[PDB]
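**Student:** Protein chains in written order, with the entry's author numbering: chain 1, -8 to 93; chain O, 10 to 252; chain P, 2 to 250; chain Q, 2 to 245; chain S, 9 to 125, 130 to 250; chain U, 11 to 247; chain T, 3 to 234; chain V, -2 to 196; chain R, 3 to 243. Note that beta-carbon positions come from the ideal geometry of N, C-alpha and C, so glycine has one too. Below is a structure I'd like to ask you about.
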Amino acid sequence: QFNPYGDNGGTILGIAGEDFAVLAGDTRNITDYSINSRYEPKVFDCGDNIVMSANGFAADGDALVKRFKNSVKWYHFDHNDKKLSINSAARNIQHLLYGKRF
Amino acid sequence: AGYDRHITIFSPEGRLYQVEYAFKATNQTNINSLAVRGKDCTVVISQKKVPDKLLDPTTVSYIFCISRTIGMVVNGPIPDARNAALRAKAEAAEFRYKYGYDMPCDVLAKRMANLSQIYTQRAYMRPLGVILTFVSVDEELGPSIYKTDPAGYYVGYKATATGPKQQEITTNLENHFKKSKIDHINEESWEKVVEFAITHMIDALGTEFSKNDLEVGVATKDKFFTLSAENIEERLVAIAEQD
Amino acid sequence: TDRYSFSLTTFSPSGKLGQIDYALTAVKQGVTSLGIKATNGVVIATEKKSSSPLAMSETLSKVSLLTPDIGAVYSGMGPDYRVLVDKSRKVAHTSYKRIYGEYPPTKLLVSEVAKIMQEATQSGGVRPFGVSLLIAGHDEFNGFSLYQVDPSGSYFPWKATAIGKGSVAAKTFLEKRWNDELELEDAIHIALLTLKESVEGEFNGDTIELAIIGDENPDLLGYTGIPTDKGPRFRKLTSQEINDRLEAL
Amino acid sequence: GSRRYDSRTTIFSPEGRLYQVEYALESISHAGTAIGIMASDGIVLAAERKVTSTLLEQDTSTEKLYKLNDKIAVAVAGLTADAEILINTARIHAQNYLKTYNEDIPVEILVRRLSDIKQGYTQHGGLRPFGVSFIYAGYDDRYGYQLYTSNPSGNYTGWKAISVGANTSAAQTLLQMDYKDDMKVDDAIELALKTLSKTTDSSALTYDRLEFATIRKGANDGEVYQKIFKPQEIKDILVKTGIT
Amino acid sequence: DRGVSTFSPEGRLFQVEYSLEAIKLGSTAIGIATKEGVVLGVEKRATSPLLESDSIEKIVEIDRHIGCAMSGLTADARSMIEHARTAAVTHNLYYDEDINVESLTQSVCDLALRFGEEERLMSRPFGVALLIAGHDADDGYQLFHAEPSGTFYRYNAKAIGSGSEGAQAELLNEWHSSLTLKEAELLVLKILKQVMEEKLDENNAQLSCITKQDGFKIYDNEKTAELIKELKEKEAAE
Amino acid sequence: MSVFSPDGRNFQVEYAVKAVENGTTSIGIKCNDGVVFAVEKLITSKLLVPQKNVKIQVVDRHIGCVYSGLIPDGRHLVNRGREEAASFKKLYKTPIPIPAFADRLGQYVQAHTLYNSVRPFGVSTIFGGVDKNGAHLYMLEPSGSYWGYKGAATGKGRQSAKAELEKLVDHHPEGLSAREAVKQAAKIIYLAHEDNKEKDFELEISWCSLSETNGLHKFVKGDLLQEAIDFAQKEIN
Amino acid sequence: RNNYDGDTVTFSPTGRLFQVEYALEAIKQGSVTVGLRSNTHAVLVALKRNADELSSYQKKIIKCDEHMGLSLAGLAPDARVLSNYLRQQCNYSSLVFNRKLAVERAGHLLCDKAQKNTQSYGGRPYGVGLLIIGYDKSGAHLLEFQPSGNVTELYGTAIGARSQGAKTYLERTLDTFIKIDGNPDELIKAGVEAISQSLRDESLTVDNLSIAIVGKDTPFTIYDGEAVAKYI
Amino acid sequence: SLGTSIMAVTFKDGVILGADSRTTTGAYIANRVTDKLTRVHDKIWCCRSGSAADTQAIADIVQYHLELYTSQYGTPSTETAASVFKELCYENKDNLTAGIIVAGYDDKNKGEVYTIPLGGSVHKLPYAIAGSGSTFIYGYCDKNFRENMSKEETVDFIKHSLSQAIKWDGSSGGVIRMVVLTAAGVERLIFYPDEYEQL
Amino acid sequence: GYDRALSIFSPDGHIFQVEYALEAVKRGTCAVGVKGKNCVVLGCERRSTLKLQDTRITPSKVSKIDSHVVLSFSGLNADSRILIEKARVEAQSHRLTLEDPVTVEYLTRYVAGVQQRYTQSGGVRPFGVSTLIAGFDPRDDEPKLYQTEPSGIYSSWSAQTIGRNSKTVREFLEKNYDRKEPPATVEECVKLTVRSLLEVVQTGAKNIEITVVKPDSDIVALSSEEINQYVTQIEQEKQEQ
């Protein structure tokens, strides 16, 4: 049967400081024992001082990043260029992810 | 003042003015047609009038090859004619696919007549301003001529004619069959039936023709085909020995 | 896209349904047609009027078979009739035969036809049909019967009747000649008399279409081996039989 | 420009009257008269076939009086075609109620449901209403014998005696005069005919012009019987009443 | 007759213009903006004494930080509030934050031109106008007028209904860059008292505000009653 | 619309024709291994970017279309044209034959004359190209009527042009090489501009030729476009 | 006109869609706005109307993508519906083709979206006019959009009531502004003057005036109020 | 299903299609005289393999398409016909088991052969072989196919290649049919066992 | 498919179909409602009698939505059936999801909601019906009465009437009902209600019917004689004066 999922590995790390925050990921993308790229960026600036990474099945992660970035873009159009609060952004993402609950 | 004039609904006299007007629209081309049956073939003729030197004359035609065996000629504006042609082509191809044999002339007539009838009942759709004259050498029935109009009426024919001089041509033919005393042109060759047909049009219209003043479609067992200006010139060249 | 989703046939102040009146008017102008009930059959008939002698009246079922024991005739708009025959035959199967394994009885099929005719009086985006029908048939539990159907969707049974041009004049004729003893061949005869008044050009078997619902026709089933299937009660007469009959009269 | 033809069948008049509804009644007014009379021990239905010829066929008919179920029947006034559409759905509603609850449908429940339908064509859809006015004669075990009427408006009312169709104005006067609560079914059959006898636009009221029906017990234990009088049964009844 | 979304030769939508005509006939409603809050007030206009004068709600809460007053065929406004309330709660749910008042208004206005024959099932425009007042943290206190034309405008003060031009003019004059909340409360009361046919009192008028502090509150008949007698006394002295 | 007047014609189509006549002129000339399309573009103001309001459209890779009348209708027709030419190809593999294509538009335009809740097209479209066996020039009215053509023109200066065409047909029955037809058309657009000479006008020419464009449809540009404009300016002055 | 202007699906005896023409009137009664451009930038200057002194001024400018945006005059809601349509096309071209939508192409699309309302029944033609600017792979662009479906490319132009004055001033200024290449603030002043020519009654100030510009290295941005003071 | 032994070979004057005659269901031979040569148009034929139900239903629907096409665009190319087959086979990969060879004659192109295997892919070729029995003649066919052959030679080539397929493949057997397609019309041949076995 | 816009604005700013719909309500048999300290009463005029009709089964003007709420109407009978069905459903659906019957204001709102959707939807005309909806919220004693129109507008009332001659009887009540002194008893209340109708009825207990709603699903329809004790009493009380 066709399995729609896959695993590109990778590891990502998020830490919050007092007046700063980091989001780090390794650069290596894979399939089983093969390497697909020693440099394939996983962490993304999405505007409004938000960075994100969707580790795991890089296809689903790419999809998700594209959507959220675009969500930002529409939040600006739809709500008078308001900056998207980190919490407001977190909520948005929950809705994105839950849309594909099944 | 109106309303029963614009949609397909009865007047107090019991008439659908829209259908009557669809009939007018059939003469708009100012072209006449006729069809006759041979001993084993069917011939139709329509006048060809290319008045403008810009038109590529070889694309001006009111006769169509619907099926391999069924040919149709139309009296009326070209857009409607194409509309009806395409539909009849589709129908004959579909009928073939579902029933395992070629759709026969009379059945297609009935089919198309039934669609024209629908436009008669429904308000939103107008009837087509045409008269469809289907011909074939039917496998069960032999040479066939069935023609439908905008009212959804259709009927078989020994021979028939349509257009601005429908009446003139029609009586020329009736007469001939009263004399001959038969329902067809007792000829073995189709070329002679064609010749007969052209002859009797010249006689009923009082006009003589060039090779580019006519269109001729002929139906034979297993094929319906239309002649070139060359296959016509030969016909004419021969009907010029006839006296 | 059909934007005509509203009725085109509506109640007037006087209470009339205009478009129906007008369909009836369209029937008056149609060629006279008639039906006559006998004790062992029914005869329905009409004139096969073709304008051009080049036309082939043979290729015109003014009289049509709906089932093997049921037949129909009209007066009015022929195209509207030709489609009701196709609808009637189809409902005859889909709504009845494909369930019960028997053909509908006369009255019920008449009910179906009339149903289709009514919907046209009320659906949106249509005029009613411009025909009046006469339907003759025989069913096992009702004997022979004859019904008339109008544009309204209304219908009724008759011992004998006529519709169209001669309708007024013809019905008079029939009132005088009809009795409960009439044995089919006698009814056929009358029909040919009544109709002789309406017709005005030629009057013979090729200008007359006539059909009967009578005995069963084994020679016309097309197969044998099922003692219990007995052939259709409907028989259309051949011109060669009309004329023989005329030669009497 | 499709909208030029929309007659707007479901609209109010400056006065708050539905045109098409009123106009439909005007139609019904011209229809053959039909009457319903309720006794204590039964119900009667009578009707006058509008037109007749000597040639019309009576014995195999049913133009004005149709049967809905075993305990319920209606008399018609207006287009017969329209009536059959509505009758057919009514015969179904009866069956659905039966199949569902295993009890014959209570008369009002059916009458309402059907009246609710006519009212549909009165408020939405842009279709002409039904040119039919019904008289419902039925019996159930909550109210017993019942008599209802519904018109194109979608409105229904209950009655002891009622008429619909032609010359009602006159009919109601006579029913008011001779109707009484104790009335027995036989007396109601009598009245039902004497009334039509005075309203007929015909010169005389014969059996071939009529159609008659009765819902009572008949003399079968606690059983209810419906009876669509046959032509001979109607003539036998007219001789007794004193109208050979 | 001639279609619903038809244009006049002056390029107006007959229905939208005929809609505005129905609004002119509506009860009055005024709104005044300030750095301390926004105040909305209305004319109840009870067609008979018998009618229980407080079942008349022409000022409703849309969310804790937004209120709105209406004018005209008020029945039509039920759909609009329902949508506005949904829109505001939905937004809260998708973003864990309050909807900006403009945004909320722009959502209501979209709804307004969705009529005719996107998937616009609605036969005619709304026959009602709305003052929409609230506070967001980006553009503080705000008032909007939302016509059935789909357009809206932001106002420092605005009236709609029967006495709107007389009250708009009177508002033009009386509104300044720095009124307190309590000054505004009074001008509403005053200006209502001018244009209403009836003698303004606590039963034929209602008053409400929306402060960042306590959000949207409708002043009970008691509290407003005191403000009326605060006017009569403020007016008495000169 | 779909309403016959008592004379058998459909007045709404007849009016859509008025719209077309109000149009700028456009033409087509068939040559011995292709076709050439040309159109006048009125300069409403000196603010139009010259050469940037292209009105000749391409269908598939081998068909060009040009119209006069309601420009948007024209596009709406070429949009259906492209959808239709893709369909045919997808299934049948070959790029759509011209006559087949001409009927695909002819059936669709005609479709818009059958219902009284849809208005017919307000353009007369000249199109054509090169297929499996020859070149074809077609012109299509709001009626749904269409025919093959040696030459064609529609719009305001429609006769001025038809006259110039009837001469090329007569005084050149051998053929007319693509390059000649390009210049010849340019001249015809300049002459036809006499009727509607109120405003200044921009020339636009496309061509589809088996030898010159290898069968594909292309826009006569730069140098070859200058010769054409030159050639025309000589027979005005 | 009685019969022929009842709906959009109807041609007058003279070949005219009356409703379409009537919807152009709303534009002619719309508050003026102007567009003009060089090779490095494109500017939208737009006069804003207001209902009262207590009213705000309604925005005549809407952004469509990072490199494109427009100006309006006529019905605001129709500008919203069309600028929202436009926002999606730019977005679709980005998302699916990682490609910025070409200014020229947006014109073709708004032309096709408007044309369907002039042919279909039940629907009215749009009642708004639009000026669109953008820097695409081929430079700076300005388009004039009309409800009829007629989009046109230009160096400059104006729409709205009184727009005729500013349009004529641009016919003259042409050879100067075309070349305000590499100069942002000068191109804005040039547009800002053009707008004055169709002014009449009032005189542009902070609240009235609205300005937008896109260009070679300048993402499309709008300026209103204090930010436009520098140009009055 | 036709399981099958089928081939189509282009030669100098046009092309010849050839096929065995046997259709099996299990080990029982349902029909030993099957005409695996199917006509979709006068001079455009196909040979079918895999599910009969499917291959027939397809041939039938293509024919219909080619017939309607003929009615309105004149005659279709062998290419246009192959395309229609593939559009059906590909767009329904999930519900079909059909491997069809398409062979036809244009006057301009003379003989053409398009093979359409399970996927729904298309490959134009000089000759093609398919069916259960084709695995055994890959070796033979390739070694003996020669381009621009005489008609006499092409018939021998098919008759030999098929005789071998029949020999080894139990799923293939019967008579050997062939259809010839040239400018001179359409010819139909047949070779009985007593003949082809003796090679 | 039929969505023609039947309810539309006219130059003056009115929707004539909503108004012609009120014209139909003014045609209807009068309907009235008044609330006491602890009860609510509904009254309804009924044409004549009539000597040949059957009353037991034939639709009686007051309908029960739930066991604690009722509805009364003037105007098209056929229409009111539709609002009663929908209302009776929303009642039981409310119970099913909120586990509490409707409040009188909630039900009233729902009905007026329908009435409005029919003034703004295509293919449909407004209801020729206006209503009085009365009852007691659950586990509540304070009486409730509300009125709804074809507009979809609703509002509460201490006393109200609608239908033919409603104007006469509102003027009567505007005088005969003190907000501070609302009919302390059932009897005191039913009296005022019988009297309000006696301007417009033209006979006694023959035409009048009364329905008395008291808290906790306590509703009873007075049978003619009891109504005729108030009629007997009112004609002799006015007499002495």
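Measure the beta-carbon distance from residue 45 (chain T) to residue 213 (chain T) and round it to whole angstroms, keeping in mind my assumption that it falls under 8 Å.
**Tutor:** Here the question's residue 45 (chain T) lines up with position 43 in the seventh sequence. Here the question's residue 213 (chain T) lines up with position 211 in the seventh sequence. Yes, residue 45 (chain T) and residue 213 (chain T) are in contact; Cβ-Cβ is about 7 Å, under 8 Å.
**Student:** So, for residue 124 (chain Q): in the same chain, excluding its five sequence neighbours on each side, which residues have a beta-carbon less than 8 Å away from its beta-carbon?
**Tutor:** Along the fourth sequence, one-based indexing puts residue 124 (chain Q) at 123. Closer than 8 Å at Cβ, skipping near neighbours: 11.
**Student:** Leaving out the 5 sequence neighbours to the left and right, which residues in its chain are closer than 7 Å to residue 210 (chain P) when beta-carbon positions are compared?
**Tutor:** As a working mapping, residue 210 (chain P) is identified with position 209 in the third sequence. So the qualifying residues of the chain are 46, 47, 49, 63, 64.
**Student:** Quick one: list the residues of chain S neighbouring residue 15 (chain R), beta-carbon separation under 8 Å, in chain order.
**Tutor:** Residue numbering aside, residue 15 (chain R) sits at position 13 when the ninth sequence is read from its first letter. What residue 15 (chain R) touches in chain S: 26, 27, 28, 29, 30, 31, 32, 33, 139.
**Student:** What's the gap between the Cα of residue 221 (chain T) and the Cα of residue 23 (chain R)?
**Tutor:** To locate residue 221 (chain T), count along the seventh sequence from 1; it is residue 219. To locate residue 23 (chain R), count along the ninth sequence from 1; it is residue 21. If I take the Cα positions, the gap works out to 58 Å.
**Student:** If we call anything under 8 Å between Cβ atoms a contact, is residue 43 (chain T) one with residue 156 (chain T)?
**Tutor:** In the seventh sequence, counting from the first residue as 1, residue 43 (chain T) sits at position 41. In the seventh sequence, counting from the first residue as 1, residue 156 (chain T) sits at position 154. For residue 43 (chain T) and residue 156 (chain T), no; Cβs fall outside 8 Å.
**Student:** Which runs of the alpha helix (DSSP H) fall wholly inside the segment 183 to 215 of chain R and span at least 4 residues, in chain order?
**Tutor:** Whole alpha helix (DSSP H) segments, 4+ residues: 188 to 199.
**Student:** Tell me where the alpha helix (DSSP H) around residue 98 (chain U) begins and ends.
**Tutor:** Locating residue 98 (chain U) in the sixth sequence gives position 88, counting from the first residue. Start and end: 81 to 102.
**Student:** Give me, in chain order, the residues of the same chain whose beta-carbon lies closer than 7 Å to that of residue 203 (chain Q); leave out the 5 immediate sequence neighbours on both sides.
**Tutor:** Position 202 of the fourth sequence, counted from the start, is the residue given in the question as residue 203 (chain Q). Taken in chain order, the residues that qualify are 210.
**Student:** At which residue ranges does the segment -1 to 67 of chain 1 contain complete beta strand (DSSP E) runs of 3 or more residues, listed in the order of the chain?
**Tutor:** If we require 3 residues or more, the beta strand (DSSP E) runs fully inside the segment -1 to 67 of chain 1 come out as 3 to 7, 12 to 16, 20 to 22, 25 to 28.
**Student:** Compare the C-beta of residue 36 (chain S) with all C-beta atoms of chain T and state if any pair is closer than 8 Å.
**Tutor:** The residue labelled residue 36 (chain S) in the question sits at position 28 within the fifth sequence. No, residue 36 (chain S) lies away from the interface with chain T (no Cβ there is under 8 Å from its Cβ).
**Student:** Could you tell me if residue 55 (chain Q) is buried or exposed, where buried requires 16 or more neighbouring beta carbons within 10 angstroms of its beta carbon?
**Tutor:** Position 54 of the fourth sequence, counting from 1, holds the residue named residue 55 (chain Q). Counting Cβ neighbours within 10 Å, residue 55 (chain Q) comes out exposed, since fewer than 16 surround it.
**Student:** Note down, one range per segment and in chain order, each alpha helix (DSSP H) of at least 4 residues found wholly within the segment 5 to 53 of chain V.
**Tutor:** Correct list: empty.
**Student:** If we cut at 8 Å on Cβ distances, does residue 59 (chain 1) have a partner in chain T?
**Tutor:** For the purposes of this step, residue 59 (chain 1) is identified with residue 68 of the first sequence, where counting begins at 1. Answer no: the Cβ-Cβ gap between residue 59 (chain 1) and chain T never drops below 8 Å.
**Student:** What did DSSP end up calling residue 73 (chain T) once you bin it into helix, strand or coil?
**Tutor:** For the purposes of this step, residue 73 (chain T) is taken as the residue at position 71 of the seventh sequence. Of the three classes helix, strand and coil, the one that applies to residue 73 (chain T) here is strand, per DSSP.
**Student:** Since residue 156 (chain P) contacts residue 111 (chain P) with CB under 8 Å, what's their CB separation in whole angstroms?
**Tutor:** Taking the third sequence and counting its residues from 1, one reaches residue 156 (chain P) at position 155. Taking the third sequence and counting its residues from 1, one reaches residue 111 (chain P) at position 110. 6 Å between Cβ atoms; contact.
**Student:** Go through its chain and collect everything with a Cβ distance to residue 45 (chain Q)'s Cβ below 6 Å, but skip five positions before and after it.
**Tutor:** In the fourth sequence, residue 45 (chain Q) corresponds to position 44, counting from 1. For residue 45 (chain Q), where only same-chain residues beyond five positions count, the Cβ hits under 6 Å are 38, 189, 190, 193, 215.
**Student:** Using a Cβ-Cβ distance under 8 Å, would residue 249 (chain S) count as near chain T?
**Tutor:** Here residue 249 (chain S) refers to the residue found at position 237 when the fifth sequence is read from its first residue. Closer than 8 Å: no.
**Student:** Find the nearest neighbour of residue 202 (chain S) within the set 168 (chain S), 248 (chain S), 153 (chain S), judged by alpha-carbon distance.
**Tutor:** Here the question's residue 202 (chain S) lines up with position 190 in the fifth sequence. The candidate whose alpha carbon is nearest that of residue 202 (chain S) is 248 (chain S).
**Student:** Could you work out which residue in 72 (chain Q), 23 (chain Q), 77 (chain Q) is closest to residue 223 (chain Q) when comparing CA atoms only?
**Tutor:** Counting from 1 along the fourth sequence, the entry for residue 223 (chain Q) is found at position 222. With distances taken between Cα atoms, residue 223 (chain Q) lies closest to 72 (chain Q).
**Student:** What are the start and end residues of the alpha helix (DSSP H) that includes residue 5 (chain P)?
**Tutor:** By 1-based counting over the third sequence, the position of residue 5 (chain P) is 4. Where residue 5 (chain P) is concerned, there is no enclosing alpha helix (DSSP H), given that its DSSP letter is neither H nor E.
**Student:** Chain U beta carbons: is any one of them nearer than 8 Å to that of residue 13 (chain O)?
**Tutor:** As a working note, residue 13 (chain O) is residue 4 in the second sequence. With 8 Å as the cut-off, residue 13 (chain O) does not count as an interface residue toward chain U.
**Student:** Kindly indicate if chain Q contains any beta-carbon less than 8 Å away from that of residue 128 (chain O).
**Tutor:** Walking along the second sequence from the start, residue 128 (chain O) turns up at place 119. For residue 128 (chain O), the answer is no, since every Cβ of chain Q falls outside 8 Å of its Cβ.
**Student:** Hey, does residue 115 (chain R) have any beta-carbon neighbour from chain P nearer than 8 Å?
**Tutor:** For the purposes of this step, residue 115 (chain R) is identified with residue 113 of the ninth sequence, where counting begins at 1. Not closer than 8 Å to any Cβ of chain P, the Cβ of residue 115 (chain R) fails to qualify, so no.
**Student:** Could you pull out every residue in the same chain whose Cβ sits closer than 6 Å to the Cβ of residue 131 (chain P), ignoring the five residues on either side in sequence?
**Tutor:** Looking up residue 131 (chain P) in the third sequence gives position 130. So the qualifying residues of the chain are 24, 27, 77, 78, 81.
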